[PDB]
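Visitor: Pasting in a structure now, in structure tokens, and then I'll have a few things to ask.
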Amino acid sequence: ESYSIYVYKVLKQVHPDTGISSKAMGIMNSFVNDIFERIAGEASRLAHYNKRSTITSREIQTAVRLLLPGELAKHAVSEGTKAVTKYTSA
Amino acid sequence: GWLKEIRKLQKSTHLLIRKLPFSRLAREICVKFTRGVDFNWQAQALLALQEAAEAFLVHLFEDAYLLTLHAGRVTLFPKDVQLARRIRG
Amino acid sequence: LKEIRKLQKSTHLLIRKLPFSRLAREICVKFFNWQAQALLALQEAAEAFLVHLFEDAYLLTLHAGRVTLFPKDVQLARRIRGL
Amino acid sequence: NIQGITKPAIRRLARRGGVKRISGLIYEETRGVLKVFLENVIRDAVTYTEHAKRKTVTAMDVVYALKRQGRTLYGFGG
Amino acid sequence: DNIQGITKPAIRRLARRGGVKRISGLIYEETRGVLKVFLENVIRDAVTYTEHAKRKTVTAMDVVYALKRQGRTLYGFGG
Amino acid sequence: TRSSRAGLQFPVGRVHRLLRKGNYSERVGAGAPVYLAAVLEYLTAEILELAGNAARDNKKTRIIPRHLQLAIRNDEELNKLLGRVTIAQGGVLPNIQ
DNA sequence: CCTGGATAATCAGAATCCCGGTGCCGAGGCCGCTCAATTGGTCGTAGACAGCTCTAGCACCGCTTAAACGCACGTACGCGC
């Protein structure tokens, strides 16, 4: 089990005509984990700081706000908040 | 006091930046990232910022005075403070 | 000034595998079996560290007016880094 | 408010770092860096205290922001 | 003595990739210096994981975890 | 599929699994893995867009690690996020100083 | 004799395309198990935030002396050569 099929679905979504090599897929599959830890780790420490034991969507939001710089946070805060409202109103 | 003032503040341990203009600057920075509202700052939280920034500035100066003597200079320049902010990341 | 624009556009390994493999396995017995994927993982990061250290030490070179590297260039760059 | 960091203050700061001849616009180079640093700590530190629905940055919110910056302050942990 | 495996043309390619015009003489040994002190801090921190599990095959995972411990993460070797 | 409800391409149930079995907490909310998978999908699309543009700028139809290095190193927000990063078979940026 | 401009002779300045050979590679897509995400009943408890008290930050009002702004001289030193 890896992200090499779901990242490939994104690759065939934006710029679908181009491909990728097997080595770069080794990088990308690593890269998403580099995004996966530092946001979810710092959010978990956000649960440890202000006397909590629940990680809701508000924790990951300020975790992206604390980690991603500038507009890379300001556009990722509009991507997950759009997705959680679509998930709640299924 | 070239050989005198160098050996006094290093033996000393207290603050060098005044507390109240540093607190005013910290509040003027804090009102930027709070959408324009007043904000309470604890007495420990301002001294923490002061103790961090003073140590960071003396570390940046002691890491740039080694770049001063690298060019055969004894006069510190902003080229050394902008080079020390480049080999740190 | 000739090959500077040749290796920056390229991506291949500058250091050969087997001398680097013997150098890594010389340190390995100081504390086994090494996969061929692990030797590349030892070599890529070390090469990219060496190129980046030379690039950051060349900023110490053009600070004094010089264009030639020096032993004080590789000892002053790692001083600010804390390594 | 940026001129609150006075000229012998930066002089004493560079004197603690061991600088003999402290230059001119250096005094404007320091408070600039002090504007770069103090922003980067405060942008995180109020982000921690806004998650707990609080309007006061404590010492711990400064410690967490500095631990995010890469330098760990010791003597303010409550 | 495998410190001479890092040769002068290899150090020359490493310098010319870093934008160095004129390399000095000791830089062809100084590299052999720093690659003796950097890589060792990568080796032991990669073998202790090998000393943590019951194995003798030091995988690339131990290498990238050691490089994560030192503070320079590596891409292309996870899975 | 909970990812079809979120409108994503990243698996919501897998992100929730690595959030629950990954020793992060003991009570993970239902809004956390959808937000996390959306943030992952956005940033992977962001790096693949700059990788897909630099591939055609270098006249290539296949994304190489050099194209990923050109995607990372030619973006202010990506270089600030990825500070202590290195790329295997990606080289460096050509620059004369 | 001298002097304005016309043109006649000239060796010697580098790299580049191609035949002459190749040689083991590596990607996007199908079959369709299968088992881990779905759905759901059931347990199980976290802090929403509203009450409530309470140490503590804001702000002012404001005493004395340590400290900063800058002038003038002045010389050593980054840099020109």
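We number chain F the way Swiss-Prot does; in order, the residues shown are 17-113.
The header says electron microscopy, 18.9 Å.
Each Cβ is built from the backbone N, Cα and C atoms, and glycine gets one as well.
OK, Swiss-Prot features for this one:
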- F:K37: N6-crotonyllysine (MOD_RES)
- F:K37: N6-(beta-hydroxybutyryl)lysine (MOD_RES)
- F:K37: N6-(2-hydroxyisobutyryl)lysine (MOD_RES)
- F:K75: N6-(2-hydroxyisobutyryl)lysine (MOD_RES)
- F:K76: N6-(2-hydroxyisobutyryl)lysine (MOD_RES)
- F:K96: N6-succinyllysine (MOD_RES)
- F:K96: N6-(2-hydroxyisobutyryl)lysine (MOD_RES)
- F:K96: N6-(beta-hydroxybutyryl)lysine (MOD_RES)
- F:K96: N6-glutaryllysine (MOD_RES)
- F:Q105: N5-methylglutamine (MOD_RES)
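What does the local environment look like for each feature on the list?
Guide: The 10 Å shell around the Cβ of F:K37 (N6-crotonyllysine) contains 8 further Cβ atoms across the protein chains shown.
Mapped onto three states, the DSSP output places F:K37 (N6-crotonyllysine) in coil.
Taking a C-beta cut-off of under 8 angstroms and a sequence separation of 6 or more, F:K75 (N6-(2-hydroxyisobutyryl)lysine) has no same-chain neighbours. Secondary structure from DSSP puts F:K75 (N6-(2-hydroxyisobutyryl)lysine) in coil.
Neighbour list (F:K76 (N6-(2-hydroxyisobutyryl)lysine), Cβ cut-off 8 Å, at least 6 residues apart, same chain): F:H83.
According to its DSSP assignment, F:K96 (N6-succinyllysine) is helical.
Sequence-distant neighbours of F:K96 (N6-succinyllysine) (same chain, six or more apart, CB under 8 Å from its CB) are absent.
According to DSSP, F:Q105 (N5-methylglutamine) is assigned to coil rather than to any helix or strand. Remark: F:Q105 (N5-methylglutamine) has F:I80, F:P81, F:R82 as non-local neighbours, by Cβ distance under 8 Å and separation of at least 6 in sequence.
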Visitor: Go through the modified residues F:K37, F:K75, F:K76, F:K96, F:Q105 one by one and keep only those whose Cβ is less than 8 Å from a Cβ of chain C; report them in sequence order, or 'none'.
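Guide: Qualifying residues, whose Cβ lies under 8 Å from chain C: F:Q105.
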